[PDB]
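The lines below spell out each chain.
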Amino acid sequence: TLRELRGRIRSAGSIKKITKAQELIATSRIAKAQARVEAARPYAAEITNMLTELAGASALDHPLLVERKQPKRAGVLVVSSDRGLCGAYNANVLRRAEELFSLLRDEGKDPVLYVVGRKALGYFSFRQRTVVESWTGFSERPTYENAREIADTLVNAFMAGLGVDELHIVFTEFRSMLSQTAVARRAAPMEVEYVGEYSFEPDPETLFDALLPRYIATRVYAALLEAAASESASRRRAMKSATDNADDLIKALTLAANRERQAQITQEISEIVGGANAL
Amino acid sequence: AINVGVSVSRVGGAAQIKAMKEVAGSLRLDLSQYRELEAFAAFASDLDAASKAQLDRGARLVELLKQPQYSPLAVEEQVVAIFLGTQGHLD
């Protein structure tokens, strides 16, 4: 009846306002996130340079650089959002997560799972696989303080070889505002990459053994920043889609309500005139 | 502006000449699935190459179907015009 349609029109209008507001908010936050990404980059680049000029002198025998004789168990970090309305973000991340799990179990390993984000936590708590540990409440604005703990936990889980023979990270790479996707990277064991063409205190081996964990930490930090930017961009896209859907719903509901208005008036007039023509 | 999804001929291909019946008879469902594929991919950040190729084929078929006012094409020409598209020579 008409009252229901009028109420639903009011509701859809309110929803449309909210969704347009969150769309513009996301459009601003993607710029905040890109700003943080480009502010963080110049540290990672200098760490890369320092680590390579140390590697040139080092023995290149640190555990993280050498493969195990027979791997059995691989750690995997899945990064997901803390807030909904992102659309496909969590879906893409988790479908890639399961594709990587099927790759591992095809090779012969088994995954032990670490999760960032409440969404993936709910997903892996519904599908019965046990999460070793998880972190929540910063996927929107990650600070190095969190990446430090994540890297520490993963590196300790690796160096124990319960323990793992490999470390992977599943996240999303922000290629451009219009285009993004989920990606899988092996974080350990690291391959050594020889390419053709200093005083170290107290020794190069010591600095290298102390530095590699911090390289892991800064890399996971950069991955989380890329993830947050991708999340904000996908939020933008999905909220624009929702605004458009609400606009089309308002259109259809208004049309139906106007048809009901006309039908109601016509029926009332026909009733009045039938009463008149009866007398 | 024929809506290829809602439009129907409840006599069907009984009154269609064999040439057009062979060349074009696949076009209807291909265009409908192209329309839904476009409605989906409108917000796909990335998608497989096969979907993209079907999408381009559909877009070029849609561009093929339209024609200007007062310009009726004989069937002998319509069959060729649809052959160009369905057999992929426009790719």
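Each value, and the rule that gives it
- Residues numbered from 1 in each chain as written, not as in the entry; some residues may be left out.
- Chains lettered and ligands numbered in written order.
- Part of a larger assembly, values for the part shown.
- Heavy atoms only, no water.
- Residues with missing side-chain atoms left out of burial classes, pairs and counts.
- Pairing = 2+ DSSP bridges.
- Helix = DSSP H or I, 4+ residues; strand = E, 2+ residues; numbered from the N terminus.
- Axes fitted to C-alpha atoms, helices over the stretch in contact; angles between N-to-C directions.
- Salt bridge = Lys/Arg side-chain N within 4 Å of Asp/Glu carboxyl O.
- Buried < 20%, exposed > 50% of the residue type's maximum accessible area, 1.4 Å probe, protein only.
- Parallel < 35°, antiparallel > 145°, perpendicular 65-115°, else oblique.
- Left-handed = near helix turned anticlockwise from the far one by under 90°.
- Contact = heavy atoms within 4.5 Å.
- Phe/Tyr/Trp six-rings, centres within 6.5 Å; stacked < 30°, edge-to-face > 60°.
- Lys NZ or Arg CZ within 6 Å of the ring centre and 35° of its normal.

- Under the PDB entry, chain B has the name ATP synthase subunit alpha,ATP synthase subunit alpha and belongs to Mycolicibacterium smegmatis.
- For this entry, the PDB record gives the title as "Cryo-EM structure of bedaquiline-free Mycobacterium smegmatis ATP synthase rotational state 1".

- Going by the PDB entry, chain A carries the name ATP synthase gamma chain and comes from Mycolicibacterium smegmatis.

### Describing the sheet that holds strand β1 (residues 73-79) of chain A
All names here are of chain A.
Turning to step 1, where the next piece is worked out: Across the sheet, five strands lie side by side as β3-β2-β1-β4-β5; this open sheet has mixed pairing. Edge strands, defined here as strands with exactly one partner in the open sheet, are β3 (131-135) and β5 (179-188). Strand-to-strand twist in this sheet, taken as the mean axis angle between neighbours without regard to direction, amounts to 25°.

### Description of the pairing of β5(A)
If a strand is regular, its side chains alternate between the two faces of the sheet.
Residues and elements named next belong to chain A.
Turning to step 1, where the next piece is worked out: In this sheet, β5 lies alongside strand β4 (residues 166-176) in antiparallel orientation, the contact comprising nine bridges. The residue bridging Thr172 from the neighbouring strand is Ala182, located in β5.
Turning to step 2, where the next piece is worked out: The antiparallel hairpin formed by β4 and β5 contains two residues in its connecting segment.

### Things to note about the pattern of salt bridges
All names here are of chain A.
Turning to step 1, where the next piece is worked out: Tallied over the full model, the rule gives nine salt bridges over all chains.
Turning to step 2, where the next piece is worked out: Between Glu23 and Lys20 there is a salt bridge; the shortest N-O distance is 3.2 Å. Of this pair, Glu23 and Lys20 both sit in helix α1 (residues 2-55), three residues apart, which is roughly one turn of that helix.
Turning to step 3, where the next piece is worked out: Judged by relative accessible area, which is 7%, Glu23 ranks as buried.
Turning to step 4, where the next piece is worked out: On the accessibility criterion, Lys20 (39% relative accessible area) is partly exposed.
Turning to step 5, where the next piece is worked out: Of the charged contacts, one joins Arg175 and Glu173 as a salt bridge, the two residues approaching to 3.4 Å between their closest N and O atoms.
Turning to step 6, where the next piece is worked out: By sharing partners, the salt bridges in this structure join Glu173, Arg175 and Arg185 into a single network.

### Let's talk about the packing of helix α4 (residues 144-159) of chain A against helix α5 (residues 204-278) of chain A
Residues and elements named next belong to chain A.
Turning to step 1, where the next piece is worked out: Packing of α4 against α5 leaves a shortest axis separation of 8 Å and a crossing angle of 125°. Here α4 lies oblique to α5, going by the angle between them. The chirality of how α4 crosses α5 is right-handed. Packed against α4, whose contacting residues are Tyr144, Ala147, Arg148, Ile150, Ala151 and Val155, the element α5 presents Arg214, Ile216, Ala217, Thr218, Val220, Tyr221 and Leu224 at the interface.

### Considering the packing of aromatic side chains
Residues and elements named next belong to chain A.
Turning to step 1, where the next piece is worked out: Throughout the structure, instances matching the rule amount to four aromatic pairs over all chains.
Turning to step 2, where the next piece is worked out: Note on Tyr123 and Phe124: the rings are 5.1 Å apart at their centroids and 85° apart in plane angle, and the pair reads as edge-to-face.
Turning to step 3, where the next piece is worked out: Between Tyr198 and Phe200, the ring centres sit 6.1 Å apart and the planes meet at 15°, which makes this aromatic pair stacked.
Turning to step 4, where the next piece is worked out: The exposure class assigned to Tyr198 is exposed, which follows from its relative accessible area of 76%.
Turning to step 5, where the next piece is worked out: Among the aromatic side chains, those forming a connected cluster through ring pairs are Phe101, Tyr123 and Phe124.
Turning to step 6, where the next piece is worked out: A cation over a ring is seen here: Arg68 above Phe158, with NZ or CZ 4.5 Å from the ring centre.

### Quick word on unusual backbone geometry
Turning to step 1, where the next piece is worked out: In this structure, A:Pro189 follows A:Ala188 across a cis peptide bond, with omega equal to -5°.
Turning to step 2, where the next piece is worked out: Mapped onto the elements, A:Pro189 comes out in the loop between β5 and α5.
Turning to step 3, where the next piece is worked out: The linkage connecting A:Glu201 with the following residue, A:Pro202, adopts the cis geometry, with an omega of -5°.
Turning to step 4, where the next piece is worked out: Relative to the assigned elements, A:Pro202 resides in the loop between β5 and α5.
Turning to step 5, where the next piece is worked out: A positive phi angle, near 55°, is found at A:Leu60, a position not held by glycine.
Turning to step 6, where the next piece is worked out: Turning to its location among the elements, A:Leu60 is positioned in the loop between α1 and β1.
Turning to step 7, where the next piece is worked out: Here A:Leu60 falls in the partly exposed class, since its relative accessible area comes to 24%.
Turning to step 8, where the next piece is worked out: You will see that B:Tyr70, though not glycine, has its phi angle at about 55°, which is positive.
Turning to step 9, where the next piece is worked out: Mapped onto the secondary structure, B:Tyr70 falls in the loop between α3 (49-65) and α4 (75-86).

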